[PDB]
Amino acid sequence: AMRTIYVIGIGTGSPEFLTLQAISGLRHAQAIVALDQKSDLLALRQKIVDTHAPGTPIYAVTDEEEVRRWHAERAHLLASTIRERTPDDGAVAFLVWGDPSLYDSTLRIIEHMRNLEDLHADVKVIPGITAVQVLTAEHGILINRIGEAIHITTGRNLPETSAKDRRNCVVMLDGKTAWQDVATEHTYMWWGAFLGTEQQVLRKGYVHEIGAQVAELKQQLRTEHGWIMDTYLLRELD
């Protein structure tokens, strides 16, 4: 009939964040794919699979005109791999850090690939715990004040974000230190890096007070580990 493609959120930093639904999907997949270096992450991901889908290898796919050429080749690669490793009624799982819906290209890639390679499949998305949810849980805070909007955005977008939206915003994908550029005396920040993991680091306080310190810390950690992923929440406590 058709194959099932599970797109499975595997959470952030720890195997404890996996849902029952995710575990069922992993255990029923006849093949596992991940579109991707960060050795710590590869190791965490393998640990999740070793625990729940032991005996199933992870097929990890890694990267002008060249990008467009790579996408076509990647599409052919994915379709061929799926057809080889699963029967016509079988199931493949794609692993996605956090939740598949949030700042991730896997679903888009799958949809493009299916169209280009004429791959008949039922796509089923399985939610997972996002970095945002780990940040708020580890700090023991609410993501909003009563009735308040929540603006989730990127470091690149932050300087162009309205003051009104910056009253309660979550910032992802910040390669720099964008809190320094938008803070007032009332701006409070909850920050975290390597959330969920044994190398988790949390900081909080007024940007007035801690912003330069966290900027220094983020560089220290990046030099040490070779990379860093942080998420933070800014709130105007006026």
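Numbers follow the displayed sequence, beginning with 1.
Counting the deposited residues that fall between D50 and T51 and carry no coordinates gives zero. The segment from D63 to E64 is interrupted, since 10 or more residues of the deposited sequence in that interval carry no coordinates. Comparing 101-109 with 163-171, the stretch with the higher mean C-alpha B-factor in the PDB entry is 101-109. Mean CA temperature factor is higher for 173-181 when stretches 173-181 and 188-196 are set side by side in the entry.
The residue among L95, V134, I152, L119 whose C-alpha carries the highest B-factor in the deposited model is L119. For the set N157, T81, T130, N144, the PDB entry assigns the largest Cα B-factor to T81. In the PDB entry, a CA B factor belonging to the highest third of its chain's modelled residues is recorded for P54. Per the PDB record, residue ranking by Cα B-factor puts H28 in the middle third of the chain. In this PDB entry, the Cα temperature factor of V7 sits in the middle third of its chain's modelled residues.
When the modelled residues of the chain are ordered by their C-alpha B factor, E16 lands in the highest third. Ranked against the other modelled residues of its chain, the C-alpha B-factor of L202 as given in the entry falls in the lowest third.
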